[PDB]
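Source file: structure24.tsv. Holds: TSV, N, CA and C atoms.
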chain	number	residue	atom	x	y	z
A	1	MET	N	-3.61	72.11	-0.80
A	1	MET	CA	-4.86	71.48	-0.29
A	1	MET	C	-4.76	69.97	-0.38
A	2	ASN	N	-4.23	69.49	-1.50
A	2	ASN	CA	-4.05	68.06	-1.70
A	2	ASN	C	-2.83	67.57	-0.92
A	3	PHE	N	-2.83	66.27	-0.62
A	3	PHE	CA	-1.79	65.71	0.23
A	3	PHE	C	-0.50	65.46	-0.55
A	4	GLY	N	-0.61	65.18	-1.86
A	4	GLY	CA	0.54	64.80	-2.66
A	4	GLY	C	0.43	65.15	-4.13
A	5	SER	N	1.31	64.56	-4.93
A	5	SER	CA	1.44	64.86	-6.37
A	5	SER	C	0.15	64.47	-7.07
A	6	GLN	N	-0.25	63.20	-7.06
A	6	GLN	CA	-1.45	62.72	-7.74
A	6	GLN	C	-2.24	61.80	-6.81
A	7	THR	N	-3.42	61.40	-7.30
A	7	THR	CA	-4.38	60.62	-6.52
A	7	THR	C	-5.03	59.58	-7.44
A	8	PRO	N	-4.58	58.31	-7.47
A	8	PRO	CA	-5.21	57.36	-8.39
A	8	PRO	C	-6.61	56.97	-7.95
A	9	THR	N	-7.46	56.71	-8.95
A	9	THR	CA	-8.86	56.39	-8.70
A	9	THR	C	-8.99	55.04	-8.01
A	10	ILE	N	-10.10	54.88	-7.29
A	10	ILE	CA	-10.41	53.65	-6.56
A	10	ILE	C	-11.15	52.72	-7.52
A	11	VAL	N	-10.75	51.45	-7.52
A	11	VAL	CA	-11.56	50.40	-8.12
A	11	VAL	C	-12.66	50.03	-7.14
A	12	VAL	N	-13.89	49.90	-7.64
A	12	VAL	CA	-15.03	49.64	-6.76
A	12	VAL	C	-14.92	48.26	-6.13
A	13	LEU	N	-14.81	47.22	-6.96
A	13	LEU	CA	-14.56	45.88	-6.46
A	13	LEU	C	-13.09	45.74	-6.05
A	14	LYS	N	-12.80	44.68	-5.30
A	14	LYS	CA	-11.44	44.41	-4.88
A	14	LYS	C	-10.57	44.07	-6.09
A	15	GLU	N	-9.27	44.35	-5.97
A	15	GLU	CA	-8.33	44.08	-7.04
A	15	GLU	C	-8.22	42.58	-7.27
A	16	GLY	N	-8.50	42.14	-8.50
A	16	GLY	CA	-8.51	40.74	-8.86
A	16	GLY	C	-9.87	40.08	-8.84
A	17	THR	N	-10.93	40.80	-8.48
A	17	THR	CA	-12.28	40.25	-8.47
A	17	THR	C	-12.83	40.24	-9.90
A	18	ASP	N	-13.16	39.06	-10.40
A	18	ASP	CA	-13.65	38.90	-11.77
A	18	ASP	C	-15.14	39.17	-11.80
A	19	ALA	N	-15.58	39.93	-12.80
A	19	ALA	CA	-16.99	40.25	-12.98
A	19	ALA	C	-17.24	40.56	-14.45
A	20	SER	N	-18.46	40.28	-14.91
A	20	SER	CA	-18.82	40.50	-16.31
A	20	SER	C	-20.32	40.65	-16.43
A	21	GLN	N	-20.74	41.48	-17.38
A	21	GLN	CA	-22.13	41.75	-17.71
A	21	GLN	C	-22.48	41.12	-19.05
A	22	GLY	N	-23.76	41.16	-19.39
A	22	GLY	CA	-24.23	40.70	-20.69
A	22	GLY	C	-24.54	39.22	-20.72
A	23	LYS	N	-24.88	38.76	-21.93
A	23	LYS	CA	-25.24	37.37	-22.16
A	23	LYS	C	-24.04	36.44	-22.32
A	24	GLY	N	-22.81	36.95	-22.22
A	24	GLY	CA	-21.65	36.10	-22.41
A	24	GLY	C	-21.38	35.18	-21.23
A	25	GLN	N	-21.68	35.63	-20.01
A	25	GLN	CA	-21.37	34.83	-18.83
A	25	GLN	C	-22.33	33.66	-18.69
A	26	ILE	N	-23.62	33.89	-18.92
A	26	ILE	CA	-24.59	32.80	-18.82
A	26	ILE	C	-24.39	31.76	-19.92
A	27	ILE	N	-23.86	32.16	-21.08
A	27	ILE	CA	-23.50	31.19	-22.10
A	27	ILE	C	-22.26	30.42	-21.67
A	28	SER	N	-21.32	31.10	-21.01
A	28	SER	CA	-20.13	30.42	-20.49
A	28	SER	C	-20.50	29.44	-19.38
A	29	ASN	N	-21.48	29.81	-18.55
A	29	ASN	CA	-21.95	28.90	-17.51
A	29	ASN	C	-22.64	27.68	-18.11
A	30	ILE	N	-23.42	27.89	-19.17
A	30	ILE	CA	-24.08	26.77	-19.83
A	30	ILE	C	-23.05	25.89	-20.54
A	31	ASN	N	-22.07	26.51	-21.19
A	31	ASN	CA	-21.01	25.74	-21.84
A	31	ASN	C	-20.15	25.01	-20.83
A	32	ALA	N	-20.01	25.55	-19.61
A	32	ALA	CA	-19.28	24.85	-18.56
A	32	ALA	C	-20.01	23.58	-18.14
A	33	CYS	N	-21.34	23.65	-18.02
A	33	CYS	CA	-22.11	22.46	-17.69
A	33	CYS	C	-22.10	21.45	-18.83
A	34	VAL	N	-22.13	21.92	-20.08
A	34	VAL	CA	-22.05	21.01	-21.22
A	34	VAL	C	-20.68	20.36	-21.29
A	35	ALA	N	-19.63	21.06	-20.86
A	35	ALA	CA	-18.30	20.46	-20.81
A	35	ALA	C	-18.25	19.33	-19.79
A	36	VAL	N	-18.90	19.50	-18.64
A	36	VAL	CA	-19.01	18.41	-17.67
A	36	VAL	C	-19.98	17.35	-18.18
A	37	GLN	N	-20.98	17.75	-18.96
A	37	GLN	CA	-21.95	16.80	-19.50
A	37	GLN	C	-21.30	15.82	-20.47
A	38	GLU	N	-20.36	16.29	-21.30
A	38	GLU	CA	-19.74	15.43	-22.30
A	38	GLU	C	-18.91	14.31	-21.68
A	39	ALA	N	-18.42	14.48	-20.45
A	39	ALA	CA	-17.71	13.40	-19.78
A	39	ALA	C	-18.63	12.24	-19.45
A	40	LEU	N	-19.88	12.53	-19.07
A	40	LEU	CA	-20.87	11.52	-18.71
A	40	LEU	C	-21.80	11.14	-19.87
A	41	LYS	N	-21.58	11.68	-21.08
A	41	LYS	CA	-22.43	11.34	-22.22
A	41	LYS	C	-22.29	9.86	-22.61
A	42	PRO	N	-21.10	9.35	-22.94
A	42	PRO	CA	-21.02	7.93	-23.33
A	42	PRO	C	-21.15	6.95	-22.18
A	43	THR	N	-21.16	7.42	-20.93
A	43	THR	CA	-21.31	6.51	-19.79
A	43	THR	C	-22.75	6.00	-19.68
A	44	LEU	N	-23.72	6.77	-20.16
A	44	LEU	CA	-25.12	6.39	-20.01
A	44	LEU	C	-25.45	5.18	-20.88
A	45	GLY	N	-26.00	4.14	-20.24
A	45	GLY	CA	-26.53	2.98	-20.92
A	45	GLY	C	-25.84	1.70	-20.47
A	46	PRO	N	-26.41	0.53	-20.79
A	46	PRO	CA	-25.74	-0.73	-20.42
A	46	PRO	C	-24.40	-0.93	-21.11
A	47	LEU	N	-24.27	-0.51	-22.36
A	47	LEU	CA	-23.02	-0.64	-23.11
A	47	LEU	C	-22.08	0.56	-22.90
A	48	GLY	N	-22.36	1.41	-21.91
A	48	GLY	CA	-21.50	2.54	-21.62
A	48	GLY	C	-20.15	2.11	-21.08
A	49	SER	N	-19.28	3.11	-20.90
A	49	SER	CA	-17.90	2.93	-20.49
A	49	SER	C	-17.66	3.59	-19.14
A	50	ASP	N	-16.76	2.99	-18.36
A	50	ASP	CA	-16.38	3.54	-17.07
A	50	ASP	C	-15.43	4.72	-17.26
B	501	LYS	N	-3.33	-34.28	-31.68
B	501	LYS	CA	-3.44	-35.45	-30.81
B	501	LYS	C	-4.66	-35.37	-29.90
B	502	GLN	N	-4.87	-34.24	-29.24
B	502	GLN	CA	-5.99	-34.10	-28.32
B	502	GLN	C	-7.34	-34.14	-29.02
B	503	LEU	N	-7.40	-33.73	-30.29
B	503	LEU	CA	-8.63	-33.88	-31.05
B	503	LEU	C	-8.91	-35.35	-31.37
B	504	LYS	N	-7.85	-36.14	-31.57
B	504	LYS	CA	-8.02	-37.56	-31.88
B	504	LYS	C	-8.34	-38.36	-30.63
B	505	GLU	N	-7.45	-38.35	-29.65
B	505	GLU	CA	-7.60	-39.11	-28.41
B	505	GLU	C	-8.31	-38.26	-27.36
B	506	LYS	N	-9.11	-38.94	-26.53
B	506	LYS	CA	-9.86	-38.28	-25.46
B	506	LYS	C	-9.05	-38.09	-24.18
B	507	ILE	N	-7.89	-38.74	-24.04
B	507	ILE	CA	-7.08	-38.62	-22.84
B	507	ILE	C	-6.49	-37.21	-22.81
B	508	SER	N	-6.73	-36.49	-21.71
B	508	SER	CA	-6.43	-35.07	-21.58
B	508	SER	C	-5.40	-34.78	-20.50
B	509	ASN	N	-4.30	-35.53	-20.47
B	509	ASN	CA	-3.17	-35.28	-19.58
B	509	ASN	C	-1.83	-35.26	-20.33
B	510	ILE	N	-1.83	-34.75	-21.56
B	510	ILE	CA	-0.63	-34.59	-22.39
B	510	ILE	C	-0.42	-33.10	-22.59
B	511	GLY	N	0.79	-32.62	-22.29
B	511	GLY	CA	1.15	-31.22	-22.39
B	511	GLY	C	2.57	-31.05	-22.89
B	512	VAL	N	3.12	-29.87	-22.61
B	512	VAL	CA	4.44	-29.48	-23.10
B	512	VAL	C	5.49	-29.99	-22.13
B	513	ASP	N	6.35	-30.89	-22.61
B	513	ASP	CA	7.47	-31.40	-21.82
B	513	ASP	C	8.64	-30.44	-21.96
B	514	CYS	N	8.96	-29.73	-20.88
B	514	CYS	CA	9.98	-28.69	-20.89
B	514	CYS	C	11.37	-29.20	-20.52
B	515	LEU	N	11.46	-30.25	-19.71
B	515	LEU	CA	12.74	-30.81	-19.30
B	515	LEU	C	13.40	-31.68	-20.37
B	516	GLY	N	12.74	-31.92	-21.50
B	516	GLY	CA	13.35	-32.65	-22.59
B	516	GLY	C	13.23	-34.15	-22.51
B	517	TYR	N	12.21	-34.67	-21.83
B	517	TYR	CA	11.99	-36.10	-21.79
B	517	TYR	C	11.48	-36.61	-23.14
B	518	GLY	N	11.63	-37.91	-23.36
B	518	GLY	CA	11.21	-38.52	-24.61
B	518	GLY	C	9.71	-38.73	-24.75
B	519	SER	N	8.98	-38.79	-23.64
B	519	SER	CA	7.53	-38.99	-23.63
B	519	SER	C	6.85	-37.77	-23.05
B	520	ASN	N	5.76	-37.35	-23.69
B	520	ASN	CA	4.97	-36.20	-23.27
B	520	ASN	C	3.82	-36.56	-22.33
B	521	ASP	N	3.54	-37.85	-22.13
B	521	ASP	CA	2.50	-38.26	-21.20
B	521	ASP	C	2.92	-37.92	-19.77
B	522	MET	N	2.08	-37.16	-19.08
B	522	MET	CA	2.39	-36.65	-17.75
B	522	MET	C	2.01	-37.60	-16.62
B	523	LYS	N	1.49	-38.79	-16.94
B	523	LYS	CA	1.27	-39.80	-15.90
B	523	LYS	C	2.60	-40.26	-15.30
B	524	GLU	N	3.64	-40.36	-16.12
B	524	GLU	CA	4.95	-40.84	-15.69
B	524	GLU	C	5.87	-39.74	-15.18
B	525	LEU	N	5.61	-38.48	-15.51
B	525	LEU	CA	6.52	-37.38	-15.18
B	525	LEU	C	6.30	-36.80	-13.79
B	526	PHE	N	5.27	-37.22	-13.05
B	526	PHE	CA	5.02	-36.77	-11.68
B	526	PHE	C	4.80	-35.26	-11.60
B	527	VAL	N	3.73	-34.80	-12.25
B	527	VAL	CA	3.31	-33.40	-12.23
B	527	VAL	C	1.81	-33.35	-11.97
B	528	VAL	N	1.41	-32.61	-10.93
B	528	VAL	CA	0.02	-32.45	-10.53
B	528	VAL	C	-0.17	-31.01	-10.07
B	529	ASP	N	-1.34	-30.42	-10.40
B	529	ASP	CA	-1.73	-29.06	-10.01
B	529	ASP	C	-3.15	-29.06	-9.44
B	530	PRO	N	-3.52	-28.07	-8.62
B	530	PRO	CA	-4.88	-28.05	-8.08
B	530	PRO	C	-5.87	-27.44	-9.06
B	531	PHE	N	-7.15	-27.78	-8.85
B	531	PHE	CA	-8.21	-27.24	-9.70
B	531	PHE	C	-8.55	-25.81	-9.31
B	532	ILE	N	-8.50	-25.49	-8.02
B	532	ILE	CA	-8.81	-24.13	-7.57
B	532	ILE	C	-7.73	-23.16	-8.04
B	533	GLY	N	-6.49	-23.63	-8.18
B	533	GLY	CA	-5.42	-22.76	-8.64
B	533	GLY	C	-5.49	-22.46	-10.12
B	534	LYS	N	-5.72	-23.47	-10.95
B	534	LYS	CA	-5.82	-23.25	-12.39
B	534	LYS	C	-7.11	-22.54	-12.77
B	535	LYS	N	-8.17	-22.69	-11.96
B	535	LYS	CA	-9.42	-22.00	-12.25
B	535	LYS	C	-9.27	-20.49	-12.06
B	536	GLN	N	-8.59	-20.07	-10.99
B	536	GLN	CA	-8.47	-18.65	-10.68
B	536	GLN	C	-7.65	-17.89	-11.72
B	537	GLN	N	-6.81	-18.57	-12.50
B	537	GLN	CA	-6.09	-17.90	-13.58
B	537	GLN	C	-7.06	-17.37	-14.63
B	538	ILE	N	-8.10	-18.14	-14.93
B	538	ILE	CA	-9.07	-17.72	-15.95
B	538	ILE	C	-10.07	-16.73	-15.37
B	539	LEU	N	-10.49	-16.94	-14.12
B	539	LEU	CA	-11.52	-16.10	-13.54
B	539	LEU	C	-11.00	-14.69	-13.26
B	540	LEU	N	-9.86	-14.59	-12.57
B	540	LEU	CA	-9.32	-13.27	-12.27
B	540	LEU	C	-8.81	-12.56	-13.52
B	541	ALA	N	-8.44	-13.30	-14.56
B	541	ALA	CA	-8.02	-12.68	-15.81
B	541	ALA	C	-9.21	-12.14	-16.59
B	542	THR	N	-10.23	-12.97	-16.80
B	542	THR	CA	-11.37	-12.54	-17.60
B	542	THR	C	-12.21	-11.49	-16.89
B	543	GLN	N	-12.22	-11.49	-15.55
B	543	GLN	CA	-12.94	-10.48	-14.79
B	543	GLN	C	-12.18	-9.16	-14.71
B	544	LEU	N	-10.85	-9.18	-14.76
B	544	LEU	CA	-10.08	-7.94	-14.79
B	544	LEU	C	-10.22	-7.26	-16.15
B	545	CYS	N	-10.01	-8.01	-17.23
B	545	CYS	CA	-10.02	-7.47	-18.59
B	545	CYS	C	-11.35	-6.84	-18.97
B	546	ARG	N	-12.46	-7.26	-18.35
B	546	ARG	CA	-13.71	-6.52	-18.50
B	546	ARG	C	-13.57	-5.10	-17.97
B	547	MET	N	-12.91	-4.94	-16.82
B	547	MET	CA	-12.68	-3.61	-16.29
B	547	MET	C	-11.70	-2.83	-17.14
B	548	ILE	N	-10.68	-3.49	-17.68
B	548	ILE	CA	-9.67	-2.80	-18.49
B	548	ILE	C	-10.29	-2.29	-19.78
B	549	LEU	N	-11.19	-3.07	-20.38
B	549	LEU	CA	-11.82	-2.68	-21.64
B	549	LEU	C	-12.87	-1.59	-21.47
B	550	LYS	N	-13.50	-1.48	-20.30
B	550	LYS	CA	-14.56	-0.51	-20.07
B	550	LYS	C	-14.04	0.90	-19.78
B	551	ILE	N	-12.73	1.11	-19.71
B	551	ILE	CA	-12.16	2.44	-19.50
B	551	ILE	C	-12.12	3.15	-20.85
B	552	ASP	N	-12.67	4.36	-20.89
B	552	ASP	CA	-12.58	5.27	-22.04
B	552	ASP	C	-11.83	6.54	-21.70
B	553	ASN	N	-12.22	7.22	-20.62
B	553	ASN	CA	-11.55	8.44	-20.16
B	553	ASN	C	-10.47	8.05	-19.15
B	554	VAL	N	-9.26	8.58	-19.36
B	554	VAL	CA	-8.08	8.25	-18.56
B	554	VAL	C	-7.42	9.56	-18.15
B	555	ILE	N	-7.63	9.96	-16.90
B	555	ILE	CA	-7.10	11.20	-16.34
B	555	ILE	C	-6.05	10.81	-15.30
B	556	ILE	N	-4.84	11.34	-15.46
B	556	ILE	CA	-3.70	11.06	-14.59
B	556	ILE	C	-3.17	12.39	-14.09
B	557	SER	N	-3.36	12.66	-12.80
B	557	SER	CA	-2.87	13.88	-12.19
B	557	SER	C	-1.38	13.75	-11.88
B	558	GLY	N	-0.57	14.59	-12.53
B	558	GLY	CA	0.86	14.54	-12.32
B	558	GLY	C	1.25	14.97	-10.91
B	559	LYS	N	2.12	14.17	-10.30
B	559	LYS	CA	2.58	14.43	-8.95
B	559	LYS	C	3.63	15.53	-8.94
Output the file's structure as structure tokens, nothing else.
Amino acid sequence: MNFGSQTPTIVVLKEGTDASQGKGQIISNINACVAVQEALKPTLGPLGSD
Amino acid sequence: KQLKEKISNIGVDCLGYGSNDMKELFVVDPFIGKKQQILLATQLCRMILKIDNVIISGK
């Protein structure tokens, strides 16, 4: 009845598509913005740096 | 010497003459040329000192 020896299961998303649940991703997104924020932290002000 | 006397045309004699007074040595420079040495230097170094983050993308 079957076409061959075995039949591997289908991944729902495409192979290599990154996905994650829970509170870890939104913390990573916030930490990503804070990482960009730290570059512009000492730039703010008249005595800031280029 | 320059603190004592007010005459301000005495400098470093490089050719080895016996007198350092430049009235006799025939040397003259422009004011716009000597001014730009200080202006372009002091205005650049402000930019050099204001750099904190230095990112260099390797070719």
With only C-alpha atoms considered, list every residue of chain A at most 8 Å from chain B, as JSON, numbers by chain. {"A": [39, 48, 49, 50]}
Export of prior selection with N, CA and C atoms as a CSV table (one decimal), in the coordinates of the input:
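As a result, selection-v7.csv now contains:
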chain,number,residue,atom,x,y,z
A,39,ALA,N,-18.4,14.5,-20.4
A,39,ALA,CA,-17.7,13.4,-19.8
A,39,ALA,C,-18.6,12.2,-19.4
A,48,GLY,N,-22.4,1.4,-21.9
A,48,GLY,CA,-21.5,2.5,-21.6
A,48,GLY,C,-20.2,2.1,-21.1
A,49,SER,N,-19.3,3.1,-20.9
A,49,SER,CA,-17.9,2.9,-20.5
A,49,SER,C,-17.7,3.6,-19.1
A,50,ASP,N,-16.8,3.0,-18.4
A,50,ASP,CA,-16.4,3.5,-17.1
A,50,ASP,C,-15.4,4.7,-17.3
Is there a way to get, as a ChimeraX atom specification, all residues within 12 Å of the point (-7.1, -33.2, -18.4) in file coordinates, counting only C-alpha atoms? /B:502,505-511,521-523,528-531,534
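Our summary of the geometry notes that atom C of residue 514 of chain B is positioned 12.6 Å from atom C of residue 526 of chain B.
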All helix (DSSP H, G or I) residues (DSSP, backbone) inside chain A, as a PyMOL selection string: chain A and resi 24-40
Figure out the distance between atom C of residue 558 of chain B and atom N of residue 31 of chain A, please, to one decimal in Å.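 If I compute the distance from atom N of residue 31 of chain A to atom C of residue 558 of chain B, I get 28.0 Å.
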Atom N of residue 42 of chain A to atom C of residue 539 of chain B, distance in Å rounded to a single decimal: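 Distance between the two atoms: 27.8 Å.
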Taking the partial coordinates given, rebuild segment 541-559 of chain B to contain N, CA, C and O atoms; return it as a compact mmCIF listing (two decimals), in the frame of the given file.
# COMPACT_ATOMS: atom_id res chain seq x y z
N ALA B 541 -8.44 -13.30 -14.56
CA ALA B 541 -8.02 -12.68 -15.81
C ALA B 541 -9.21 -12.14 -16.59
O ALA B 541 -9.21 -10.97 -17.01
N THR B 542 -10.23 -12.97 -16.80
CA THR B 542 -11.37 -12.54 -17.60
C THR B 542 -12.21 -11.49 -16.89
O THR B 542 -12.86 -10.67 -17.55
N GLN B 543 -12.22 -11.49 -15.55
CA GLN B 543 -12.94 -10.48 -14.79
C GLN B 543 -12.18 -9.16 -14.71
O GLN B 543 -12.82 -8.10 -14.61
N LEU B 544 -10.85 -9.18 -14.76
CA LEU B 544 -10.08 -7.94 -14.79
C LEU B 544 -10.22 -7.26 -16.15
O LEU B 544 -10.51 -6.06 -16.22
N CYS B 545 -10.01 -8.01 -17.23
CA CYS B 545 -10.02 -7.47 -18.59
C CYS B 545 -11.35 -6.84 -18.97
O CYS B 545 -11.37 -5.96 -19.84
N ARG B 546 -12.46 -7.26 -18.35
CA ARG B 546 -13.71 -6.52 -18.50
C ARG B 546 -13.57 -5.10 -17.97
O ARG B 546 -14.05 -4.15 -18.59
N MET B 547 -12.91 -4.94 -16.82
CA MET B 547 -12.68 -3.61 -16.29
C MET B 547 -11.70 -2.83 -17.14
O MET B 547 -11.86 -1.61 -17.31
N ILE B 548 -10.68 -3.49 -17.68
CA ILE B 548 -9.67 -2.80 -18.49
C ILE B 548 -10.29 -2.29 -19.78
O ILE B 548 -9.96 -1.19 -20.25
N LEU B 549 -11.19 -3.07 -20.38
CA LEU B 549 -11.82 -2.68 -21.64
C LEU B 549 -12.87 -1.59 -21.47
O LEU B 549 -13.11 -0.84 -22.42
N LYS B 550 -13.50 -1.48 -20.30
CA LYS B 550 -14.56 -0.51 -20.07
C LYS B 550 -14.04 0.90 -19.78
O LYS B 550 -14.86 1.82 -19.64
N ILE B 551 -12.73 1.11 -19.71
CA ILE B 551 -12.16 2.44 -19.50
C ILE B 551 -12.12 3.15 -20.85
O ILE B 551 -11.61 2.60 -21.83
N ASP B 552 -12.67 4.36 -20.89
CA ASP B 552 -12.58 5.27 -22.04
C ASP B 552 -11.83 6.54 -21.70
O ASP B 552 -10.89 6.91 -22.41
N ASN B 553 -12.22 7.22 -20.62
CA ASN B 553 -11.55 8.44 -20.16
C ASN B 553 -10.47 8.05 -19.15
O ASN B 553 -10.73 7.29 -18.22
N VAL B 554 -9.26 8.58 -19.36
CA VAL B 554 -8.08 8.25 -18.56
C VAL B 554 -7.42 9.56 -18.15
O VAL B 554 -6.71 10.17 -18.95
N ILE B 555 -7.63 9.96 -16.90
CA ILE B 555 -7.10 11.20 -16.34
C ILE B 555 -6.05 10.81 -15.30
O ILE B 555 -6.34 10.04 -14.38
N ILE B 556 -4.84 11.34 -15.46
CA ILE B 556 -3.70 11.06 -14.59
C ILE B 556 -3.17 12.39 -14.09
O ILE B 556 -2.60 13.17 -14.86
N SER B 557 -3.36 12.66 -12.80
CA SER B 557 -2.87 13.88 -12.19
C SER B 557 -1.38 13.75 -11.88
O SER B 557 -0.97 12.91 -11.07
N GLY B 558 -0.57 14.59 -12.53
CA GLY B 558 0.86 14.54 -12.32
C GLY B 558 1.25 14.97 -10.91
O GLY B 558 0.79 15.98 -10.38
N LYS B 559 2.12 14.17 -10.30
CA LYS B 559 2.58 14.43 -8.95
C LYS B 559 3.63 15.53 -8.94
O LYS B 559 3.77 16.26 -7.95
